[PDB]
Undergrad: 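Before anything else, here's the structure in question.
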Amino acid sequence: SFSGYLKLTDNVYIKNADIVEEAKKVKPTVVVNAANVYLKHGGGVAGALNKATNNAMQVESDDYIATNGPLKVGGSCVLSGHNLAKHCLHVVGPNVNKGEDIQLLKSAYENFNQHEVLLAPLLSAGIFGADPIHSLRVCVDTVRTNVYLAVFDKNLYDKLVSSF
Ligand SMILES: C[C@@H](Nc1ncnc2[nH]ccc12)[C@@H]1CCOC1
């Protein structure tokens, strides 16, 4: 049901799109959230996905943290996808603006290998402060399952494709 994606490799595809609008159209099995360790969905992809769930994602996430404590940087958890997907895979990439080790980006992408197909953003890019060209290269060299990347910024999408 994914449409309009450019094929980059055997298993990685990319499109200039808002991941929230893509999830509402496709209703995939798994949508990836660019989470932080506390699952506090304030801005970027996380704030946008949470708003589309009418804050149900944040209520579920607060119950998960009250029970389990915070995630690790590089880690993940599977929660409901609410009205957007069957499941949401909350993945924590390193936030370079907070001094987190960029080597953890490969560990973050390894979480995608537990799922046959995913709709996802570029981890650690945008407000997380890492170089998006590096994030796409780590994605391609780490993920083996089928990943559909939605990149919101038009200008960054064009740069990612033309430098691939
Ligand atoms: C990390 C990434 N943020 C998003 N990529 C996809 N869907 C999104 N929806 C809300 C944010 C968002 C970068 C910021 C703009 O494009 C690249």
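In each ligand, atom 1 is the first atom listed, and ligand 1 is the first ligand listed. Computed from heavy atoms alone, side chains included, the values below leave out hydrogens, waters and symmetry copies. Along the sequence shown, residues carry numbers from 1.
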Undergrad: Before accepting this row, confirm whether a basic side-chain N of the pair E22/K25 lies closer than 4.0 Å to the acidic partner's carboxylate O.
TA: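 The answer is no: the pair does not qualify as a salt bridge.
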
Undergrad: Would you say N111's side chain and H90's backbone share a donor-acceptor pair under 3.5 angstrom?
TA: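 No; judged by distance alone, with no hydrogens or angles, the pair does not exist.
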
Undergrad: Check step by step if side-chain contact (heavy atoms from CB on, under 4.5 Å) holds for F164 and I14.
TA: CA-CA 11 Å; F164 186 69; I14 194 168; over 6 Å; no

Undergrad: Ignoring hydrogens, what is the shortest heavy-atom contact between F112 and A120? Give both atom names and the distance.
TA: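 Minimum heavy-atom separation between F112 and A120: CE2-CB, 3.6 Å.
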
Undergrad: Keeping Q58 on the side-chain end and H41 on the backbone end, is there a donor-acceptor pair under 3.5 Å?
TA: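 Flag set: sc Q58 to bb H41 pair under 3.5 Å.
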
Undergrad: How close do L8 and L136 get, heavy atom to heavy atom, and via which atoms?
TA: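 It is CD1-CD1, 3.9 Å.
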
Undergrad: So which residues, sorted by chain and number, lie with a heavy atom under 4.0 Å of ligand 1?
TA: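 If the criterion is a heavy atom under 4.0 Å, then ligand 1 touches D18, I19, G44, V45, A48, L122, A125, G126, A150, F152, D153, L156.
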
